[PDB]
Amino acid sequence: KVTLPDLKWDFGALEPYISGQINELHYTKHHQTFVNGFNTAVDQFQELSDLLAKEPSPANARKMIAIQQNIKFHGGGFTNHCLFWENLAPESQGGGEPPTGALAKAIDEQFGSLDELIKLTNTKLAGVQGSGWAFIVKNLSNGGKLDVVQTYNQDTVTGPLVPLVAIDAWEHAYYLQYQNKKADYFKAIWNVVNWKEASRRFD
């Protein structure tokens, strides 16, 4: 049974970049809905699993196939929002302060500067043509190299792709404050990105 994570900060602590009103809806409604949905999907799985254990028919297997989609969507929503709240911080807690050490060295070697990496990430975020996410990741299969990937809907990065920074590009992440001006939101969010958490995930 999963639960909404505690937040490290108050709803309004990321203003003016992300409003408190968005945070409260995003956290208490959207995220909570993925929590509930994920729990329901795993219960339904459990039941189907027992059922198939005693009656391993094609019909029952098809029934499981049906639930897989909800496990993926709600699991993805749950995990992605947990990641998101953890890589956000108010400036008083280090939000927007550039990373140090190994991550900073890697960013410098690959992208030239933090500014370049961020510019690339915002171009990726703008390029999500639908609902989705952008992730700065460490690829453990190619020598631990940084990349920026896009996912759609609540798809997430798994296995050898370690998420370092997750940025939400669903319209509900910004619409009440920015409406259609999503570029302004993509630009503004970096002032409250927690690069300390990014460095921790990198380690």
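Counting begins at 1, following the sequence as shown.
Higher mean Cα B-factor in the deposited model: 52-60 or 142-150?
Comparing 52-60 with 142-150, the higher average CA B-factor belongs to 52-60.
Can you let me know which of the two, 157-165 or 171-179, has the higher average C-alpha B-factor in the entry?
Higher mean C-alpha B-factor: 157-165.
Using the B-factor values recorded in the entry, state whether the Cα atom of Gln93 falls in the lowest, middle or highest third among the modelled residues of its chain.
Highest third, going by the recorded CA B-factors of the chain.
Where does the C-alpha B-factor of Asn122 rank in its chain, lowest, middle or highest third?
Middle third - that is where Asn122 ends up once the chain's C-alpha B-factors are sorted.
Determine, from the deposited record, the chain-internal third of the Cα B-factor for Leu83: lowest, middle or highest.
Lowest third, going by the recorded CA B-factors of the chain.
Based on the deposited C-alpha B factors for this chain, I'd like to know if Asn70 is in the lowest, middle or highest third.
For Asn70, whose C-alpha B-factor we compare with every modelled residue in the chain, the answer is the middle third.
Once the chain's modelled residues are ordered by C-alpha B factor and cut into thirds, is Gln32 in the lowest, middle or highest one?
It belongs to the middle third of the chain when residues are ordered by C-alpha B-factor.
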